[PDB]
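Each remark here refers to the structure printed beneath this line.
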Ligand SMILES: C/C(=C\c1csc(C)n1)[C@@H]1C[C@@H]2O[C@]2(C)CCC[C@H](C)[C@H](O)[C@@H](C)C(=O)C(C)(C)[C@@H](O)CC(=O)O1
Ligand SMILES: C/C(=C\c1csc(C)n1)[C@@H]1C[C@@H]2O[C@]2(C)CCC[C@H](C)[C@H](O)[C@@H](C)C(=O)C(C)(C)[C@@H](O)CC(=O)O1
Ligand SMILES: Nc1nc2c(ncn2[C@@H]2O[C@H](COP(=O)(O)OP(=O)(O)OP(=O)(O)O)[C@@H](O)[C@H]2O)c(=O)[nH]1
Ligand SMILES: Nc1nc2c(ncn2[C@@H]2O[C@H](COP(=O)(O)OP(=O)(O)OP(=O)(O)O)[C@@H](O)[C@H]2O)c(=O)[nH]1
Ligand SMILES: Nc1nc2c(ncn2[C@@H]2O[C@H](COP(=O)(O)OP(=O)(O)O)[C@@H](O)[C@H]2O)c(=O)[nH]1
Ligand SMILES: Nc1nc2c(ncn2[C@@H]2O[C@H](COP(=O)(O)OP(=O)(O)O)[C@@H](O)[C@H]2O)c(=O)[nH]1
Ligand SMILES: [Mg+2]
Ligand SMILES: [Mg+2]
Ligand SMILES: [Mg+2]
Ligand SMILES: [Mg+2]
């Protein structure tokens, strides 16, 4: 019925996307070879949304890997669950972007966009009724931030009716690994607000905090962070793959989330998260999970929800729970946190319940929230951009690729307009 | 590769040159007959610089012996290492100079200069890439000072792009075995200052002092004095014959030695020099050799360097030693003796290191100094010349050979200018 | 697919290249004769050695390096020693007469004689090169050949290709230690090629390495061999990302992206740590935080300048071994909290992190001790301007009296050329000071 | 190659020549018959005897000497002595009547009649030689033949060759001891020809040699034969360097250039040391310094004049035997320090050193003792003028009365030449004092 096409761009997108497919395969009971080894019938009822049937009983995902370097593909291909992908879907460059945004959009990005548009067009006609596309990339890099932005604009023109989903991370305030991060982030934001239906912001610093205080882990790893992101992705689109008492597809959530086209920035979250020694003293009840959703340290973003107000909240429940309980706790939270909710919107909570629980857990749920506190994240990026653009530092590299100085000014102005719109709704 | 042509003129040059080839043959392990009996491959790697290969594994020196009397050649031929030289290289006169500069340069040299020009010319085409010429002669004599000077001009005109070396002795202030020493010495400095790139001054009085106190020898011999001169000769061109960590050929040393074309007079020095009794008490360290090199008693010239400032200093090390130790020793010497070195040049030390040590010695070094105290040696010669020229003493002997009175005056005026330039920069 | 070409010019370059290639073969398990025991040395081979070693025939690996010198004495040792079979004989090019510490001889008289031959060898290697990332050159400022021939070589490479980044590895003259009288003249005249043709110049000082070996390595009398080994480790760590695999990899192009704020500012400095002996290894722990702090100290720097006087503009950190990203982030925060270290206001984020997996390799019979972690520091600071001042003062005093000028003039130089180079040196120092001024 | 011709004229010349040639043969080993024994057998004698003798046939040597005299009695002794076979019959030239102590008789009355045969003999000897170093002439001023024939013969030699040195050995008349009544006339008349032609004349006085033999050699009454034996030693030592090898060698062409500053001043003196007997040799330790002091002693000088009255202009030092250069340098340094010996102001260096390996040879039956060292002194001084002054005063007294003048006039002399000779002689004395005037 409904099919979703997955696109991975950049080193960060490929690593996160690789872990995402492993979780999906485990949920659907697909072995790394490609066969079905499950013990249920509901697993194959909606397998066409992500997997394409092949000869005998093999299935291949609708995932396309895009990068300007061959190193990422080699690690993914040789890694676990790497041979299950289609070999033709592997598209890689040879020169690389060098963490430069301009290389992947005007100089060398145009030399490979045509190749990747052929594959996605071929995949689009296969689906009986496609619903949208999801893209994983990083806004701080050069390949994913640049090439991914170009792909979004190109795909939007061909299909201006499908939903656009972007799981893109943003530079952290304290943790930083690149010098030219502010330039890349500002340029990519200019296009996301005008071409992407909804974005999900993930902060690496917030992920480290979760694994340090909530998970109580000693040595966090990049694989651990990718697992948290992958879990959120499954929760968002669990209604399309499994039946439920009250299901809500991607379009249903989008209508109830965004009140205006320009306000489509959300903060993700997942519950419950307990350590290995706290399993005995933890109770798997609806009251316990609900409390964790409206919590500062459980958020995957550095922004503090208590600073601003919650515009619209959408939570999806997985498992078997009574509808009476889930219809009361959210009302109690809204009443108790009336100071943290907007006034002109009577109801700010969207409730969706799914029947199939995840692997190894009796009950689970995901939290997705639209709040005005996200404006703080863009405020810091604007301040960093102005400081570096004041002295025209690290600008000859960007200028030499073919861009213009006035392009930077336009991107800064639009980002300043975005936070201004968020200011007027919360203050009033 | 690079080869050097050696010319011997006069009795002093023949005796000194004969001892010089003995040291070179011992260093290269060549027996007097002419067969290689060495035990190292490095000896034959760069043997073409001084020896010309022949049939039956025989080598002949690239040396020419020039004299106006046959007595010196007979002693050299019948002496040790006499048959090694090529018989065709023996060109001798029959009349002699009689300690007269006029006869050697005008009356007698002209008849034999053409014959000796054939032999020196013939060696050049056999030479692959000649580097320069070294000539040994005595300024106080008549043959070497007179005719040997004429040979310098002839070679300069034919080869105006090659360095000229002259390891020559100078008349001593107190030691004097001839009556017309100032007349011959004055008439030779005029030509040397024009057609020579580097000149080394040897004083017999200074050599006797070293053999009396530094070496504690009971009775001196002319062979012992010639051994010191030959040792200095080998140390100058050790880089061209053996490899090292830091190499420096004659041209490399020459450019760093002369700041101006006219100032090209240096004083040599060798270290260590100890008696047999003190051999078991002294140590073999870099600081031990440095102290002797910068001592007035070890200087080979009668001039005392403590009365003037050193312009440039050349030091070549032989043996295995650390580069850190040698770097500090010369820097410390310059720092401590700040008043003894020139001011407008920051560094006055050139360092060269040769891996191969001399025979029967772990480490050794040769000292070359372009001090400003060399003008005293020319000053004492001028006083003797003026005293005899005032009374026109012995002028008829020189005039009878075709010389003119005005020619003597020109040589005196040029010599006075030479000491003025040396004093000008020293007192600047 | 990605490969690099190394060029060595002069006596200094050849010796450094001999030590650098000695470690390169050991890291990849290549015997000096040329056969790699692939039966026991199991490796990928896609980029482990293809970047630097090109396979030919069956079981033969030849380095992609060119050895150029105007005197045959230095090169003949390479053609005679243990590594004679490693290098292709045509790659070693020898002359007949050296420059004799004269910039003019190596650039106007002797350089033009063999310039055609060396260019042909580079072109031949470029034809076999599928994709070339850049060129690495090793030379010295003091020597005439190291300053004259190198300047003439880079001017031909810039015209020939004009699109490949070139890295420079040069030895800066020491302030109080010198081995020649005409060193200041050569240093000033060679600044033209290091400012316009070279995209990034790495400078080391012999005096600084001597102090490091005496105090850290406990070597009372270090030699040239020990000095070259430390320099070789710097080059290996820089190119380790292109040869091995790691969580975060930084290539040659990415180095200039974050370390070159302005086109005329491309003179950073290198720092390596930890360097300790075997005796102190057993009595100390080499943590991520500890090694990072040692790099920022002025005593461990490879240059004799004082970093505290100047200010930092761009920094790059390379990690090798069992380095985890979590420890690096914590260590960076502590560095930014110390008030001794100062950073420019216009650059809020000036840290680049590159983590590799291959641990450092120790050459048998060497001086360094086996360690599990290593950090290569490349920082562009304004304290470099102090180094220019010391060399400028010596040149002014010597040129005032016109000492040794006639030697350069007679070989084809002009008195006006010296004045022009003086203005360029002063302009470069002024630009460094201007950027460091606070706003 | 190096050859010389010796000419003996007069009774004195032949007598001295007989003693000199005996010394020469013994130094080389030639037997009086003229056959070289197997001890030498012409071994290494390229210049040992070629300079003096010549090889004819096999086992026969002939000296290159010409014996010319106006009376046959003196020549008869040579033809009757043991050395008759050694000399060639044609070389010995006799005469009919002597000069009878008359300068004109040996110049005009008889000189030109027999001089024709002498010239041919010299020409024949000259053609045999290849390179002629010069000529040696022995005569006496007092003798008529030694003053008349010598003057005419010397003039003809200059006309023929005029390019070879002609050293002269002459005996000056004693201030008091005399055996003739026309000695002042003969001595004065021959001064002009010696100054005009001879480049260097060595003057000796019989009185001085008598005192040396009486005191130093401890002889109660010296004879003429003993005097001649001493004279041969200086001549042998003078030409020792030409025939024997040594460290520093002085040839016959170096004596003039190192002794005469002006052409007119060519009258040096001679001194030989040590001269002792065998008994004194055992009780005396000969040393280099000791012999040098004896040479400068006026008592040991061979001229009656006192050198301390005058000044030294040029000095020569010839060493024979085991002599080292170091000892000579120290010895001459002490001489200059002594105040008693005075040197000319315009001559800073006036010492010539010559060392010969061959030790002196002692003829059997001679009073000279065997000493390993010997020094020959050839010094030019202004004190020689006093000796000339004595004879000049005697000539003035005789010429005033015109005693025995008619004897010279009868044979062809004129009173004008006698006056001219006095004027020429007085000019020589005046020039000697003029040069000796200080600044
Ligand atoms: C099953 C469970 C919690 C639980 C069960 S009943 C109760 C109350 N809470 C979680 C897994 C959870 O599905 C996620 C979101 C999966 C999230 C994965 C977590 C966050 C870690 O990264 C992961 C790699 C771990 O370190 C391991 C070892 C798997 C665990 O410690 C994490 C851990 O606590 O396991
Ligand atoms: C080996 C050595 C010195 C030394 C070793 S460890 C130390 C400290 N100093 C030198 C030899 C050296 O070769 C020269 C330059 C020696 C040069 C030759 C000298 C000048 C003399 O001519 C030579 C005959 C000598 O008098 C002798 C006594 C033989 C000397 O060479 C003695 C002697 O061995 O002296
Ligand atoms: N670290 C190090 N430096 C060296 C080494 N060899 C030479 N140098 C440097 O090089 C300088 C000597 O001059 P070179 O660079 O060799 O001169 P060149 O390149 O041969 O050029 P020319 O002198 O004209 O022949 C010294 O001051 C050293 O600083 C070495 O092995 N290690
Ligand atoms: N030394 C030395 N001198 C001698 C000897 N015999 C003679 N005389 C010198 O000769 C002088 C004697 O006169 P001669 O010289 O023989 O006269 P002459 O040369 O033969 O000439 P005439 O007398 O004219 O025949 C003496 O005054 C001596 O000085 C001698 O045997 N030995
Ligand atoms: N959570 C997470 N972040 C990553 C991962 N890989 C890279 N990143 C982040 O991505 C940033 C670097 O982006 P980069 O890979 O250079 O982007 P590219 O230029 O498109 O390849 C770093 O700051 C990392 O924090 C990953 O596997 N997980
Ligand atoms: N060092 C040294 N000096 C010598 C030797 N022989 C002579 N002399 C010096 O040279 C000077 C004489 O030079 P001479 O040989 O006559 O020169 P010539 O006439 O050109 O051959 C004397 O003052 C000696 O001191 C020798 O073998 N060694
Ligand atoms: Mg990356
Ligand atoms: Mg000589
Ligand atoms: Mg060189
Ligand atoms: Mg007679």
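Chains as they are written, first to last, in the deposited numbering: chain B, 1 to 428; chain D, 1 to 428; chain A, 1 to 439; chain C, 1 to 439. A virtual CB, placed ideally from N, CA and C, is assigned to each residue, including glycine.
Residue-chain proximity (residue i, chain D), Cβ-Cβ < 8 Å
| i | result |
| --- | --- |
| residue 401 (chain A) | yes |
| residue 377 (chain C) | no |
| residue 415 (chain A) | no |
| residue 223 (chain A) | yes |
| residue 36 (chain C) | no |
CB contact check: residue i to chain B, cutoff 8 Å
| i | result |
| --- | --- |
| residue 347 (chain A) | yes |
Contact set for residue i: own chain, Cβ-Cβ below 6 Å, skip 5 residues either direction
| i | result |
| --- | --- |
| residue 137 (chain B) | 9, 10, 13, 144, 148 and 168 |
| residue 188 (chain D) | 139, 145 and 149 |
| residue 109 (chain D) | 147 and 150 |
Contacts of residue i in chain A (Cβ-Cβ under 8 Å)
| i | result |
| --- | --- |
| residue 222 (chain B) | 247 and 325 |
| residue 325 (chain D) | 221 |
Beta-bridge pairing of residue i - partner residues as DSSP gives them
| i | result |
| --- | --- |
| residue 373 (chain C) | C:321 |
| residue 367 (chain B) | B:269 and B:315 |
| residue 341 (chain D) | D:310 |
| residue 67 (chain D) | D:92 |
| residue 134 (chain B) | B:6 and B:165 |
Neighbour list for residue i in chain D, Cβ cutoff strictly below 8 Å
| i | result |
| --- | --- |
| residue 254 (chain C) | 98 and 99 |
Sequence-distant residues of its chain with Cβ nearer than 8 Å to residue i (five each side left out)
| i | result |
| --- | --- |
| residue 103 (chain C) | 144, 147, 148, 151, 185, 186, 189, 190, 408 and 413 |
Neighbour list for residue i in chain C, Cβ cutoff strictly below 7 Å
| i | result |
| --- | --- |
| residue 397 (chain D) | 257 |
| residue 219 (chain D) | 324 and 326 |
Interface residues of chain C facing residue i [CB-CB closer than 9 Å]
| i | result |
| --- | --- |
| residue 379 (chain D) | Within chain C, no residue comes near residue 379 (chain D); the closest Cβ sits about 14 Å away, beyond 9 Å. |
Cβ neighbours of residue i in the same chain (closer than 7 Å, five flanking residues each side left out)
| i | result |
| --- | --- |
| residue 173 (chain C) | 141, 142, 183, 187 and 391 |
Beta-carbon neighbours of residue i, restricted to chain B and to distances below 8 Å
| i | result |
| --- | --- |
| residue 351 (chain A) | 176, 177 and 179 |
Listed by chain order, chain A residues near residue i by CB distance under 9 Å
| i | result |
| --- | --- |
| residue 415 (chain B) | The premise fails here: residue 415 (chain B) is roughly 17 Å from chain A at the closest Cβ pair, so nothing lies under 9 Å. |
Contacts of residue i in chain A (Cβ-Cβ under 7 Å)
| i | result |
| --- | --- |
| residue 1 (chain B) | The contacting residues do not exist; residue 1 (chain B) stays about 40 Å from chain A at best. |
| residue 90 (chain B) | Result: empty, since nearest Cβ-Cβ is about 15 Å, beyond 7 Å. |
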